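Remarks on the structure that follows.
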Amino acid sequence: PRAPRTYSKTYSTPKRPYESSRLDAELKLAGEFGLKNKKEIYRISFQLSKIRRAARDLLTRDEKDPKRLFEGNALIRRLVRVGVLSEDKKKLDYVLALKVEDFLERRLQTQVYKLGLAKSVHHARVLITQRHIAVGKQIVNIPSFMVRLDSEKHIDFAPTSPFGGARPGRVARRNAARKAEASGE
Amino acid sequence: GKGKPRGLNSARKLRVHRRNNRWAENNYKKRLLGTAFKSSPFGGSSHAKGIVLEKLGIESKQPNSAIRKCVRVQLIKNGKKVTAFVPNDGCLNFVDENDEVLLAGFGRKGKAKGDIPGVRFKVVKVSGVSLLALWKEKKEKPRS
Amino acid sequence: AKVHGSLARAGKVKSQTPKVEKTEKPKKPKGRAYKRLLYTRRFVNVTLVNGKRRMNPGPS
Amino acid sequence: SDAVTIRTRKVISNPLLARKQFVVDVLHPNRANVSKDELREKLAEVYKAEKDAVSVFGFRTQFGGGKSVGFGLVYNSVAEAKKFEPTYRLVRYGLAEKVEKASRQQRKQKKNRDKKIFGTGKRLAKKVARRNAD
Amino acid sequence: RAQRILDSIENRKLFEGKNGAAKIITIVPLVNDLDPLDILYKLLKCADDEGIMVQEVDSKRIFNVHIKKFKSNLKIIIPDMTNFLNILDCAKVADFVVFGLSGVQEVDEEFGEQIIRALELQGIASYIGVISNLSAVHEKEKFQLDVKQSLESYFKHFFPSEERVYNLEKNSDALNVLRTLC
Amino acid sequence: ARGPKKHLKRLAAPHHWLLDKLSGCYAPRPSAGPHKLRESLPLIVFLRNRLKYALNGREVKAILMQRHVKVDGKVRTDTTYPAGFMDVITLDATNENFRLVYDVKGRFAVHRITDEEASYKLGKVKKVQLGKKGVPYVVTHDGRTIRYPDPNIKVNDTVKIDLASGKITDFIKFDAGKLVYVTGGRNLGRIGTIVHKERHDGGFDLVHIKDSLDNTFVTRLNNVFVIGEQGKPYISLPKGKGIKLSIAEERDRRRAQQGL
RNA sequence: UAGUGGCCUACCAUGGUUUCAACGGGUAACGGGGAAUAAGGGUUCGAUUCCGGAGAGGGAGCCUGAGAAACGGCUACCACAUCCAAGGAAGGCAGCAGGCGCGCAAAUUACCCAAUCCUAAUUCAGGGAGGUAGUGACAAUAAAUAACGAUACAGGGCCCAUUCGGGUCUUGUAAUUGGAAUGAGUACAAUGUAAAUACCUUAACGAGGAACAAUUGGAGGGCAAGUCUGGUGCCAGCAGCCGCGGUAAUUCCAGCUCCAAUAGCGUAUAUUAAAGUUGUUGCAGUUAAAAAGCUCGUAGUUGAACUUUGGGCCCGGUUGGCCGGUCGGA
């Protein structure tokens, strides 16, 4: 047998499912962000688990410990690189105050919306998966792509599959070869 | 002194002390004597299938007020006779005796949902076919 | 039912009878649009009965 | 393979097998795959050698279209290929003639079917072939 | 467990041998086609013993061909499709019952589905399904396996105790029949 | 378990081979010879996946059944041959030639060398003894049995052994100031002028050892390996010179120096 | 013996272990990293991809050999059990793929040495060790199941605040729309592969809501969500625990309709958590279960108080900044 592949389980089911105020305050962000499940929210709320646990574990050891000066100084330099934690507020203090909408916004789920070329968070949600969307070359086919702060500036169309130019598609040639041109065939 | 030794040589007492007080806990003595293996006709299982013996005679350990269409069953992994139960009750028409079930508890290892002695096991799947797609009027709901 | 007559397909006739059960509104718009309609249900205006209430929308 | 771009990157020039082995870029845009024995006659002549000193493996695409990353070999001679190329790829090229086997299970049956005779089996063609015919 | 050993001994008395041990297997398709003179023959072209030789226009129906690999004499009742008066009546000795499943004829709501309800609601002694379709392995070339899935599920819409229903194009599935008998 | 072992499972290799966790099931277990099993680094772990002159095993044996590669002046041709510590590897390729001495990570690397020091090799004299016909001899760390040595040479010193014929040319004593190199334990690939010895009758003999940046550490004495004086190595040591930078200052070298 | 040795053997000595728990008994006991945990400690499990041990159905025994008390080696016993021409004659799937039986409970009698390797006299041969394909809702990951306007208004604002001028903007009623637009699926094409599937690729073809339609459990409290309407009025029902129906049922059968999770939700047992109900941290004994009838006592567990302070000479690693001569730093 070969060497065992490892695999994690990234969502954290809640303590009380029938807690009505939570369910009301959890549906508030589904249709706001155009999501699919509470598992969508459980993704973020399981990231917050390990991040907010490592942050509280590192503070318990007093600095002049270079472990805190190494593993902390890259975590603090990683969430910045995504675009969720802000540069002015990085001492791993504000990271415990950071919340779900912050991570859930730094996503091309959203960021097709709030830097132009949007027309909905539904009109563009179908265009992540119809791939009328791009980065530098390679279409980021998943709305939870977590845009790493920089290719935001590099939002582009796909050169194939139009509305960025260069094609007609799979329904024009039943129709603009019968009606829009071939009224007289 | 709070009734206990404390001094830092007395652990000799303490892990022999709690050793004799775990037996006053209930599931400890239930567990470490194999009582689930010497008894409990599942034998530590989670399900069992067995033939239906017959229609069941109601002996009141309260309260569900009818002849509850229940089934005397005797298993085949062991052969130990247990009274059983069907939910979605009624429909006493659609299997003979000496016919198969699949048993599973009520939620406390049963012990009480109706006026029937020892009725603690819901039937899940008669003869391999289910009940939930058989109370769904695809197939039909058995007899004893 | 009729396997090779009606239901050997995964679905084209799930029941695609234009004879409708509910009067041309069977479209619960599934998944993301379903929770979108539920987000329109709960976040525009509405409140129904007096904070605490019985169990599925109706008159008091 | 419009905007052809056969960019010769990650080149290792092996003297020990007389090979020029390197990864290959190919930009497709708006047409399909760039076959075994389709690049193999196009990169050969402009990269220092002949068509029998060409070999190909790797080669799928990146997500979206255009760019495919292959891995090409081009040998410092021609009979280099007749001894250092693995034989499946010249079967994939016609530079080898595929000696057609039977099967795995059939050869493993036949191995076991002749291990039950000590020698060459010429006598049993004459030993029992005349006696039990009576 | 030795009693359980004793439980697995005395039941091996009446069914295992040749001297008064040959079983009725009655083949009635759900389809008017498929005509079980090829089910006796074209299926058993993988067995290749001489049940081929007595697969005869002189219809025997006592087929005591001792097949030389699992050591048993046999009996396959091959009835005509119309004689509906003993197919439901000879089924008290008849252990092994085999449906004939075809996607050529739709299994009829008065012939086929009601032979399902007739053979079924007398109590099917043993239902080991066999797809006996020789002329159905090329009705598609583009993931053609819907000719088999539509029948494997159709065995399971009422009488589901088989998982797969076997094609006539694999080798050991014809002496899996004699495994099913022995 | 009924005699020896012939297979080494993948994940049962030592970590300094740095095999990938996927892509296979086994490890290319080294044959017996001039080194330990646990710090061997055989021929195919050197060739196909640290130099990438071969792509897989049959192409490795295509080299090895062509008499190209050399390990210390001979024409070694076996795949699992344990060319271990200090062994010069010379190729009959485009003539680039290598040593086998670690990094600070306790792992081997590619180290191309000159021909002043390709000609010879070294060794910790693990034994000096008086064998047959009253002949003194020495046994170095790999396998060599050199006759007739200097009688003022004792155990734990080192030699300068040639590769053409096995002739000791000169040696190094054991005292302080000696530029040293560790073979085993934890501080593997270190360096730095022995402070002093500890005797410990019947036990381990440890040793206190500085470095370049004056950072003491205490190995055992069956891992100390004396090869010099105050800044006098007798080979051409690789880029970095063995001194342990911490992982805070390889996120200051690989990150703050080459990363602008 | 390869060798230490009560490992034996021949004479001697009378020892050795133990309430610091000997010895005996049970284990649903193969030992070490793992798991569920998650304030911490504690708890329970570990057959299982690695290491070590053991066995080839159970006990023996021996050969060859550097190496075996070897079983895809051998001899014998014991338990099985094949063909037979009635004369041995043959045999160990706790290897792979399959079968039977047992369960609740677990795959296809495929392809191939391309790879990781191993063996051989050996670049070449062999390898069910291994890899790839088939079954596969174990467990895990990312994501289908659909757009934005116009038009009839309701308003909240609000426009210029001469607001008292109509709708710039939306909440839905709108099934009236409006063309453009696409994938799951079929395909040349070649890559892909030892040979094929697929999967990034790719031209041709396939969408309008009847499309190509997401189910699963609930709907009295814990526990969101109606006291809506009919048949039902102890008749079944409903109930994990409580609680209703005797006719004004929020709790019955149904119709609606709604609530959750969502290709995923239930159920059964088992453990963990909350459980200071195992308590060393960290319980409780006047009456709620629990202080004994009162002394003496050994092992154990603890055991009174005392042993070189105050200050000088400087070194200044660090800080306060009036210094700011560097204009974040000594």
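Residues in the structure tokens are named by chain (A, B, ... in the order shown) and by number from 1 within that chain; ligands are numbered from 1 in the order shown.
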
May I have a table of the residues of chain G lying at most 10 Å from chain E, giving each one's closest pair of atoms and their distance in Å to one decimal, counting only C-alpha atoms (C1' of nucleotides), ordered by chain and ascending residue number, as CSV?
residue,atom,partner,partner_atom,distance
G:99,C1',E:179,CA,9.3
G:101,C1',E:8,CA,8.5
G:109,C1',E:172,CA,8.8
G:186,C1',E:142,CA,7.8

Would you write out those residues with C-alpha atoms (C1' of nucleotides), as a PDB file, in the first residue's frame?
ATOM      1  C1'   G G  99     -17.166 -18.809  -4.330  1.00  0.00           C
ATOM      2  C1'   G G 101     -21.094 -19.784   5.211  1.00  0.00           C
ATOM      3  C1'   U G 109     -12.325 -14.701 -11.636  1.00  0.00           C
ATOM      4  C1'   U G 186     -24.002  14.041 -28.390  1.00  0.00           C
TER       5        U G 186
END

Could you list the residues in chain E lying within 9 Å of chain B, using only C-alpha atoms, and format the result as a CSV table (one decimal) with N, CA, C and O atoms, in the first residue's frame?
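Result file selection37.csv:
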chain,number,residue,atom,x,y,z
E,158,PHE,N,-40.4,-4.0,-8.7
E,158,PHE,CA,-41.4,-4.7,-7.9
E,158,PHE,C,-40.8,-5.8,-7.1
E,158,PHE,O,-41.2,-6.1,-5.9
E,160,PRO,N,-37.1,-6.8,-6.0
E,160,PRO,CA,-35.8,-6.3,-6.2
E,160,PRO,C,-34.6,-7.1,-5.7
E,160,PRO,O,-33.6,-6.6,-5.4
E,161,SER,N,-34.8,-8.5,-5.6
E,161,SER,CA,-33.7,-9.2,-4.9
E,161,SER,C,-32.6,-9.6,-5.8
E,161,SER,O,-31.9,-10.6,-5.5

Inset, instruction - Kindly give the distance, in Å, that separates atom CA of residue 22 of chain D and atom CA of residue 72 of chain D, rounded to a single decimal. - result: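 That distance, rounded to one decimal, is 5.6 Å.
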
For chain D, list the residues within 12 Å of chain A, counting only C-alpha atoms, and write the list as a PDB file with N, CA and C atoms, in the first residue's frame.
ATOM      1  N   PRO D  29      -4.118  29.184 -29.804  1.00  0.00           N
ATOM      2  CA  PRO D  29      -5.498  29.698 -29.699  1.00  0.00           C
ATOM      3  C   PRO D  29      -6.475  29.419 -30.829  1.00  0.00           C
ATOM      4  N   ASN D  30      -7.674  28.982 -30.423  1.00  0.00           N
ATOM      5  CA  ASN D  30      -8.866  28.779 -31.257  1.00  0.00           C
ATOM      6  C   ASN D  30      -8.742  27.567 -32.178  1.00  0.00           C
ATOM      7  N   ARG D  31      -7.887  26.601 -31.833  1.00  0.00           N
ATOM      8  CA  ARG D  31      -7.922  25.304 -32.493  1.00  0.00           C
ATOM      9  C   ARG D  31      -7.419  24.271 -31.493  1.00  0.00           C
ATOM     10  N   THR D  61      -2.664  20.798 -21.492  1.00  0.00           N
ATOM     11  CA  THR D  61      -3.129  22.185 -21.708  1.00  0.00           C
ATOM     12  C   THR D  61      -3.010  22.848 -20.331  1.00  0.00           C
ATOM     13  N   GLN D  62      -3.268  24.158 -20.273  1.00  0.00           N
ATOM     14  CA  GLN D  62      -3.746  24.817 -19.067  1.00  0.00           C
ATOM     15  C   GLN D  62      -5.215  25.197 -19.287  1.00  0.00           C
ATOM     16  N   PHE D  63      -5.944  25.407 -18.179  1.00  0.00           N
ATOM     17  CA  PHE D  63      -7.373  25.744 -18.148  1.00  0.00           C
ATOM     18  C   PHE D  63      -7.691  26.957 -19.019  1.00  0.00           C
ATOM     19  N   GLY D  64      -8.549  26.769 -20.015  1.00  0.00           N
ATOM     20  CA  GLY D  64      -9.011  27.904 -20.796  1.00  0.00           C
ATOM     21  C   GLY D  64      -8.776  27.795 -22.284  1.00  0.00           C
ATOM     22  N   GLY D  65      -7.596  27.355 -22.676  1.00  0.00           N
ATOM     23  CA  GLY D  65      -7.242  27.248 -24.078  1.00  0.00           C
ATOM     24  C   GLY D  65      -5.879  27.855 -24.340  1.00  0.00           C
ATOM     25  N   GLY D  66      -5.347  27.564 -25.520  1.00  0.00           N
ATOM     26  CA  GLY D  66      -4.070  28.102 -25.936  1.00  0.00           C
ATOM     27  C   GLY D  66      -2.852  27.344 -25.448  1.00  0.00           C
ATOM     28  N   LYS D  67      -2.474  27.521 -24.185  1.00  0.00           N
ATOM     29  CA  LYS D  67      -1.156  27.115 -23.707  1.00  0.00           C
ATOM     30  C   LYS D  67      -1.149  25.650 -23.280  1.00  0.00           C
TER      31      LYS D  67
END

Would you kindly return, as a PDB file with C-alpha atoms (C1' of nucleotides), in the first residue's frame, each protein, DNA or RNA residue with an atom no farther than 12 Å from any atom of residue 31 of chain B, considering only C-alpha atoms (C1' of nucleotides) and excluding same-chain residues fewer than 3 positions away?
ATOM      1  CA  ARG B  22     -15.618   3.744  39.893  1.00  0.00           C
ATOM      2  CA  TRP B  23     -17.752   0.703  40.648  1.00  0.00           C
ATOM      3  CA  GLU B  25     -20.699   4.607  38.827  1.00  0.00           C
ATOM      4  CA  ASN B  26     -23.326   2.792  36.785  1.00  0.00           C
ATOM      5  CA  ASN B  27     -22.091   2.399  33.211  1.00  0.00           C
ATOM      6  CA  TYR B  28     -18.564   1.581  34.445  1.00  0.00           C
ATOM      7  CA  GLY B  34     -19.202  -7.602  29.620  1.00  0.00           C
ATOM      8  CA  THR B  35     -22.828  -7.358  30.716  1.00  0.00           C
ATOM      9  CA  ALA B  36     -23.740  -6.056  27.262  1.00  0.00           C
ATOM     10  CA  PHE B  37     -22.209  -9.307  25.962  1.00  0.00           C
ATOM     11  CA  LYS B  38     -23.750 -11.692  28.505  1.00  0.00           C
ATOM     12  CA  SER B  39     -27.158 -10.029  28.032  1.00  0.00           C
ATOM     13  CA  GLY B  44     -23.919  -5.015  21.670  1.00  0.00           C
TER      14      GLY B  44
ATOM     15  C1'   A G  28     -15.050  -8.901  23.690  1.00  0.00           C
ATOM     16  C1'   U G  44     -12.390   6.122  25.772  1.00  0.00           C
ATOM     17  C1'   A G 270     -21.340   2.861  20.869  1.00  0.00           C
ATOM     18  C1'   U G 271     -18.353   6.775  22.948  1.00  0.00           C
TER      19        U G 271
END

Legend entry - Nearby residues (only C-alpha atoms (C1' of nucleotides)) at most 8 Å from residue 108 of chain A, same-chain spacing under 2 positions excluded, as a list in words: residues 106, 110, 111, 112, 143, 144, 145, 146 and 147 of chain A

With C-alpha atoms retained, could you export that selection as a PDB file, in the first residue's frame?
ATOM      1  CA  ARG A 106     -12.718  39.489  -0.771  1.00  0.00           C
ATOM      2  CA  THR A 110     -18.499  39.626  -4.844  1.00  0.00           C
ATOM      3  CA  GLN A 111     -15.627  41.444  -6.577  1.00  0.00           C
ATOM      4  CA  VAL A 112     -17.174  41.059  -9.992  1.00  0.00           C
ATOM      5  CA  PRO A 143     -16.759  32.312  -7.185  1.00  0.00           C
ATOM      6  CA  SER A 144     -14.896  31.648  -3.937  1.00  0.00           C
ATOM      7  CA  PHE A 145     -11.608  32.258  -5.764  1.00  0.00           C
ATOM      8  CA  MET A 146     -10.330  34.612  -2.987  1.00  0.00           C
ATOM      9  CA  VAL A 147      -8.717  37.267  -5.188  1.00  0.00           C
TER      10      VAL A 147
END

Can you build me a table of chain F residues sitting at most 12 Å from chain A, with the closest atom pair per residue and its distance in Å to one decimal, using only C-alpha atoms, sorted by chain and residue number, as a Markdown table?
| residue | atom | partner | partner_atom | distance |
| --- | --- | --- | --- | --- |
| F:9 | CA | A:2 | CA | 9.0 |
| F:10 | CA | A:3 | CA | 7.3 |
| F:11 | CA | A:3 | CA | 7.1 |
| F:12 | CA | A:3 | CA | 10.3 |
| F:19 | CA | A:3 | CA | 11.6 |
| F:20 | CA | A:3 | CA | 9.8 |
| F:21 | CA | A:3 | CA | 6.2 |
| F:22 | CA | A:3 | CA | 6.4 |
| F:23 | CA | A:2 | CA | 8.4 |
| F:24 | CA | A:2 | CA | 6.6 |
| F:25 | CA | A:2 | CA | 4.6 |
| F:26 | CA | A:2 | CA | 8.0 |
| F:27 | CA | A:2 | CA | 11.3 |
| F:246 | CA | A:66 | CA | 10.5 |
| F:247 | CA | A:70 | CA | 8.5 |
| F:248 | CA | A:70 | CA | 6.5 |
| F:249 | CA | A:70 | CA | 10.0 |
| F:250 | CA | A:70 | CA | 11.0 |
| F:251 | CA | A:70 | CA | 8.7 |
| F:252 | CA | A:70 | CA | 10.7 |
| F:255 | CA | A:74 | CA | 11.2 |

Using N, CA, C and O atoms, can you export the residues from the last selection as a PDB file, in the first residue's frame?
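File produced: out02.pdb:
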ATOM      1  N   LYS F   9      10.539   0.128   2.660  1.00  0.00           N
ATOM      2  CA  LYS F   9       9.306   0.803   2.292  1.00  0.00           C
ATOM      3  C   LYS F   9       9.557   2.290   2.143  1.00  0.00           C
ATOM      4  O   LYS F   9      10.402   2.859   2.835  1.00  0.00           O
ATOM      5  N   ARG F  10       8.846   2.914   1.216  1.00  0.00           N
ATOM      6  CA  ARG F  10       8.756   4.362   1.233  1.00  0.00           C
ATOM      7  C   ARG F  10       8.043   4.760   2.515  1.00  0.00           C
ATOM      8  O   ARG F  10       7.137   4.056   2.968  1.00  0.00           O
ATOM      9  N   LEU F  11       8.490   5.873   3.104  1.00  0.00           N
ATOM     10  CA  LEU F  11       8.319   6.413   4.455  1.00  0.00           C
ATOM     11  C   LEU F  11       9.178   5.686   5.477  1.00  0.00           C
ATOM     12  O   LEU F  11       9.263   6.147   6.609  1.00  0.00           O
ATOM     13  N   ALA F  12       9.837   4.592   5.128  1.00  0.00           N
ATOM     14  CA  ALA F  12      10.821   4.008   6.020  1.00  0.00           C
ATOM     15  C   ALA F  12      12.230   4.360   5.597  1.00  0.00           C
ATOM     16  O   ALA F  12      13.189   3.898   6.215  1.00  0.00           O
ATOM     17  N   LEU F  19      12.700  11.819  -0.517  1.00  0.00           N
ATOM     18  CA  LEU F  19      11.783  11.254  -1.488  1.00  0.00           C
ATOM     19  C   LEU F  19      10.400  11.866  -1.328  1.00  0.00           C
ATOM     20  O   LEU F  19       9.998  12.288  -0.241  1.00  0.00           O
ATOM     21  N   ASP F  20       9.670  11.926  -2.435  1.00  0.00           N
ATOM     22  CA  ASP F  20       8.311  12.429  -2.389  1.00  0.00           C
ATOM     23  C   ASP F  20       7.372  11.377  -1.821  1.00  0.00           C
ATOM     24  O   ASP F  20       7.579  10.173  -1.995  1.00  0.00           O
ATOM     25  N   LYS F  21       6.341  11.852  -1.125  1.00  0.00           N
ATOM     26  CA  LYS F  21       5.461  10.966  -0.375  1.00  0.00           C
ATOM     27  C   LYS F  21       4.606  10.127  -1.305  1.00  0.00           C
ATOM     28  O   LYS F  21       4.371   8.942  -1.046  1.00  0.00           O
ATOM     29  N   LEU F  22       4.155  10.714  -2.398  1.00  0.00           N
ATOM     30  CA  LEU F  22       3.408   9.993  -3.411  1.00  0.00           C
ATOM     31  C   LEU F  22       4.396   9.438  -4.434  1.00  0.00           C
ATOM     32  O   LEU F  22       5.607   9.416  -4.196  1.00  0.00           O
ATOM     33  N   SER F  23       3.871   8.984  -5.577  1.00  0.00           N
ATOM     34  CA  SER F  23       4.635   8.447  -6.711  1.00  0.00           C
ATOM     35  C   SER F  23       5.476   7.231  -6.323  1.00  0.00           C
ATOM     36  O   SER F  23       6.705   7.235  -6.404  1.00  0.00           O
ATOM     37  N   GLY F  24       4.790   6.186  -5.908  1.00  0.00           N
ATOM     38  CA  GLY F  24       5.419   4.904  -5.709  1.00  0.00           C
ATOM     39  C   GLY F  24       4.955   4.284  -4.413  1.00  0.00           C
ATOM     40  O   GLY F  24       4.005   4.745  -3.796  1.00  0.00           O
ATOM     41  N   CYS F  25       5.657   3.228  -4.024  1.00  0.00           N
ATOM     42  CA  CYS F  25       5.377   2.542  -2.772  1.00  0.00           C
ATOM     43  C   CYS F  25       6.625   2.220  -1.966  1.00  0.00           C
ATOM     44  O   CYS F  25       6.513   2.000  -0.757  1.00  0.00           O
ATOM     45  N   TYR F  26       7.817   2.255  -2.554  1.00  0.00           N
ATOM     46  CA  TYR F  26       9.009   1.716  -1.925  1.00  0.00           C
ATOM     47  C   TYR F  26      10.134   2.738  -1.960  1.00  0.00           C
ATOM     48  O   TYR F  26       9.973   3.868  -2.421  1.00  0.00           O
ATOM     49  N   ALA F  27      11.287   2.314  -1.465  1.00  0.00           N
ATOM     50  CA  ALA F  27      12.524   3.066  -1.489  1.00  0.00           C
ATOM     51  C   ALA F  27      13.627   2.168  -2.035  1.00  0.00           C
ATOM     52  O   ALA F  27      13.560   0.943  -1.895  1.00  0.00           O
ATOM     53  N   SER F 246      19.625  30.117  11.360  1.00  0.00           N
ATOM     54  CA  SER F 246      18.355  29.676  11.905  1.00  0.00           C
ATOM     55  C   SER F 246      17.254  29.900  10.874  1.00  0.00           C
ATOM     56  O   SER F 246      17.466  30.509   9.822  1.00  0.00           O
ATOM     57  N   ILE F 247      16.047  29.410  11.177  1.00  0.00           N
ATOM     58  CA  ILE F 247      14.942  29.568  10.234  1.00  0.00           C
ATOM     59  C   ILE F 247      14.350  30.964  10.285  1.00  0.00           C
ATOM     60  O   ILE F 247      13.536  31.314   9.425  1.00  0.00           O
ATOM     61  N   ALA F 248      14.743  31.773  11.268  1.00  0.00           N
ATOM     62  CA  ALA F 248      14.412  33.189  11.241  1.00  0.00           C
ATOM     63  C   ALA F 248      15.291  33.948  10.257  1.00  0.00           C
ATOM     64  O   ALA F 248      14.898  35.010   9.767  1.00  0.00           O
ATOM     65  N   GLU F 249      16.484  33.438   9.964  1.00  0.00           N
ATOM     66  CA  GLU F 249      17.373  34.112   9.028  1.00  0.00           C
ATOM     67  C   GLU F 249      17.597  33.291   7.765  1.00  0.00           C
ATOM     68  O   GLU F 249      18.631  33.422   7.110  1.00  0.00           O
ATOM     69  N   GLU F 250      16.644  32.430   7.421  1.00  0.00           N
ATOM     70  CA  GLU F 250      16.427  32.067   6.030  1.00  0.00           C
ATOM     71  C   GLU F 250      15.094  32.603   5.543  1.00  0.00           C
ATOM     72  O   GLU F 250      14.804  32.517   4.351  1.00  0.00           O
ATOM     73  N   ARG F 251      14.271  33.142   6.434  1.00  0.00           N
ATOM     74  CA  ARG F 251      13.276  34.120   6.030  1.00  0.00           C
ATOM     75  C   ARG F 251      13.828  35.534   6.130  1.00  0.00           C
ATOM     76  O   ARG F 251      13.067  36.496   6.065  1.00  0.00           O
ATOM     77  N   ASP F 252      15.131  35.679   6.332  1.00  0.00           N
ATOM     78  CA  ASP F 252      15.812  36.945   6.125  1.00  0.00           C
ATOM     79  C   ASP F 252      16.832  36.887   5.003  1.00  0.00           C
ATOM     80  O   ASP F 252      17.310  37.932   4.562  1.00  0.00           O
ATOM     81  N   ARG F 255      14.176  35.507   1.893  1.00  0.00           N
ATOM     82  CA  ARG F 255      13.016  36.388   1.881  1.00  0.00           C
ATOM     83  C   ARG F 255      13.374  37.862   1.942  1.00  0.00           C
ATOM     84  O   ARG F 255      12.751  38.668   1.249  1.00  0.00           O
TER      85      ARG F 255
END

Inset, instruction - Could you tell me how far atom CA of residue 107 of chain F lies from atom CA of residue 16 of chain F, in Å and to one decimal? - result: 4.8 Å

Inset, instruction - May I have the residues within 10 Å of residue 181 of chain G as number ranges by chain, using only C-alpha atoms (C1' of nucleotides) and disregarding those fewer than 3 positions away in the same chain? - result: A: 162-163, 168-172; G: 147

Dump C-alpha atoms (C1' of nucleotides) for the selected residues as a PDB file, in the first residue's frame?
ATOM      1  CA  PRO A 162     -18.086  36.618 -26.022  1.00  0.00           C
ATOM      2  CA  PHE A 163     -19.118  39.920 -24.460  1.00  0.00           C
ATOM      3  CA  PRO A 168     -21.082  34.197 -31.772  1.00  0.00           C
ATOM      4  CA  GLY A 169     -22.170  31.071 -29.886  1.00  0.00           C
ATOM      5  CA  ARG A 170     -24.401  28.018 -29.643  1.00  0.00           C
ATOM      6  CA  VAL A 171     -27.825  29.616 -30.215  1.00  0.00           C
ATOM      7  CA  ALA A 172     -27.169  32.248 -32.911  1.00  0.00           C
TER       8      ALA A 172
ATOM      9  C1'   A G 147     -30.522  36.791 -16.628  1.00  0.00           C
TER      10        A G 147
END

Inset, instruction - For segment 164-179 of chain G, list every protein, DNA or RNA residue within 12 Å, evaluated using only C-alpha atoms (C1' of nucleotides), and leave out those in the same chain fewer than 3 positions away; present the list as an MDAnalysis selection string. - result: (chainID A and resid 171:172 175:176 179:180) or (chainID C and resid 23:25 37 40:41 43:46) or (chainID G and resid 148:161 209)

Inset, instruction - Would you kindly report the residues of chain C within 8 Å of chain E, using only C-alpha atoms, as number ranges by chain? - result: C: 3-5, 8

Keeping N, CA and C atoms, export the residues of the selection given above as a PDB file, in the first residue's frame.
ATOM      1  N   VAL C   3     -41.164   2.200 -17.181  1.00  0.00           N
ATOM      2  CA  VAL C   3     -39.734   2.498 -17.170  1.00  0.00           C
ATOM      3  C   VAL C   3     -39.260   2.914 -18.554  1.00  0.00           C
ATOM      4  N   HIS C   4     -39.371   2.017 -19.528  1.00  0.00           N
ATOM      5  CA  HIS C   4     -38.933   2.356 -20.872  1.00  0.00           C
ATOM      6  C   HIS C   4     -39.999   3.131 -21.632  1.00  0.00           C
ATOM      7  N   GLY C   5     -41.189   3.272 -21.057  1.00  0.00           N
ATOM      8  CA  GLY C   5     -42.209   4.124 -21.622  1.00  0.00           C
ATOM      9  C   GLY C   5     -42.098   5.554 -21.136  1.00  0.00           C
ATOM     10  N   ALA C   8     -37.178   5.767 -18.126  1.00  0.00           N
ATOM     11  CA  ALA C   8     -35.810   5.287 -18.319  1.00  0.00           C
ATOM     12  C   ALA C   8     -34.821   6.442 -18.385  1.00  0.00           C
TER      13      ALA C   8
END

Legend entry - Selection near residue 37 of chain E, 10 Å with only C-alpha atoms (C1' of nucleotides), sequence-local residues under 2 positions removed, as a PyMOL selection string: chain E and resi 34-35+39-43+55-57+59+78

Inset, instruction - Record the distance separating atom CA of residue 41 of chain A and atom CA of residue 33 of chain C, expressed in Å with one decimal. - result: 16.6 Å

Inset, instruction - For chain G, list the residues within 6 Å of chain D, counting only C-alpha atoms (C1' of nucleotides), and write the list as a ChimeraX atom specification. - result: /G:190-191,200,202

Inset, instruction - Identify all residues of segment 1-141 of chain B in helix (DSSP H, G or I) (DSSP on the backbone) and supply them as a ChimeraX atom specification. - result: /B:11-20,22-24,26-31,35-38,126-128

Inset, instruction - Find the residues of chain A in contact range of chain G, meaning any atom within 9 Å when counting only C-alpha atoms (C1' of nucleotides), and list them as a VMD selection string. - result: chain A and resid 1 to 4 7 to 10 17 to 21 23 to 24 36 to 38 119 to 120 122 to 124 126 129 to 130 142 144 169 to 172

Inset, instruction - Write out as an MDAnalysis selection string every residue belonging to chain C that has an atom at most 7 Å from any atom of chain A, counting only C-alpha atoms. - result: chainID C and resid 31:32 35:36 39
